[PDB]
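To start, the structure under review is shown below, and the notes come after it.
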Amino acid sequence: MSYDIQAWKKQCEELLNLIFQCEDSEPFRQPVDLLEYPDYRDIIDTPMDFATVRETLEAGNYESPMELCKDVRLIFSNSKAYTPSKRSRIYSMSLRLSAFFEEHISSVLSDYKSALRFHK
Ligand SMILES: CN1Cc2ccccc2NC1=O
């Protein structure tokens, strides 16, 4: 529905489903195993992954698509910080998937901002 301040929830659930089904999301689908990778927390202050984002959305624990978008962007900025080399296939996967995410989220954000303006 036009001007729906709830539309983002279904739009983000659908977008997360597309990301999970994309091969480029494979490294980012679950929390980094901090026992397997003991220097991860030396580099990364705030781990994030797509299963955490999907679970938080399904629980109703995001107030706005901005809060969801901040967590997704943290998945990609964490990957850049831990895996900074342009040579890494993991760097390439996060670049491709981040660009996909940013192309799809822009209209979710602008629709929300318009709905919120309407609601006020
Ligand atoms: C999500 N990760 C975790 C990881 C584990 C092992 C090797 C590289 C990476 N890089 C990432 O960006």
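We count from 1, first residue shown onward.
The way this entry was determined, per its header, is X-ray crystallography, 1.4 Å.
Cβ atoms here come from the backbone N, Cα and C positions, even for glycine.
The feature domain 'Bromo 2' is assigned by Swiss-Prot to 3-108.
The phosphoserine annotation in Swiss-Prot covers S2 (among others). Contacts of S2 (phosphoserine) defined by a Cβ separation under 8 A and a same-chain sequence distance of 6+ are given as none.
The phosphothreonine feature in Swiss-Prot is assigned to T46; the stated evidence is a large-scale study or a structure entry. Classification of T46 (phosphothreonine) by DSSP places it in coil, neither helical nor stranded.
Per Swiss-Prot, the feature phosphoserine maps to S92 (among others); the stated evidence is a large-scale study or a structure entry. Under the three-state DSSP scheme, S92 (phosphoserine) falls in the helix class. Remark: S92 (phosphoserine) has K86 as non-local neighbours, by Cβ distance under 8 Å and separation of at least 6 in sequence.
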Inset, instruction - By DSSP assignment, list the helix, strand and coil residue numbers for the domain 'Bromo 2' (3-108), in that order. - result: 73 helix, 0 strand, 33 coil
